[PDB]
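Given as structure tokens, the chain that follows is alone and in the form deposited in one PDB entry.
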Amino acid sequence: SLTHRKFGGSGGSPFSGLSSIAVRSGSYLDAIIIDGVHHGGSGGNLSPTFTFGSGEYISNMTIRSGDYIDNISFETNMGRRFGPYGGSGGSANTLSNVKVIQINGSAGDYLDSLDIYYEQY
């Protein structure tokens, strides 16, 4: 049962545990890199690193996928954009008016799957 709980007081600027995103891709996704940590294989080319600013988060995400992840692009609430990186294969699925909280998944030599935790607004 997916939930969240707050602890602590009212001070501070807010932050996410999810700080940055990169991928290795060719015609597939070989890897996703999250806060610098590699998940996947060695194939494809390494994209530049997207680092979220304070209060920035993924609000819109397009992922083409089949048995693997074929492509990823997203947009933030601040208008910045990442991708698309990958091939034209797979089915396109979209997330819109969301807030991505976390990005988990399953990887071998290629990025097989992503489990995207998010708030739907």
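Sequential numbering from 1, following the sequence displayed. In this text, rigid core is short for the largest set of C-alphas that superpose within 1.5 Å between two forms. Only residues modelled in both forms are compared.
We do not show the form deposited in another entry, though everything after this point is about it.
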Comparison of CA distance in the other entry with shown form for residue 98, residue 6, at least 3 Å: closer
Against the displayed form, residue 12 vs residue 79 by Cα, in the other entry, with 3 angstroms or more change: pair is farther
Moving stretches between this form and the one not shown on a rigid-core fit: which runs of at least three residues all have C-alpha shifts of 2 Å or more? 1 to 17
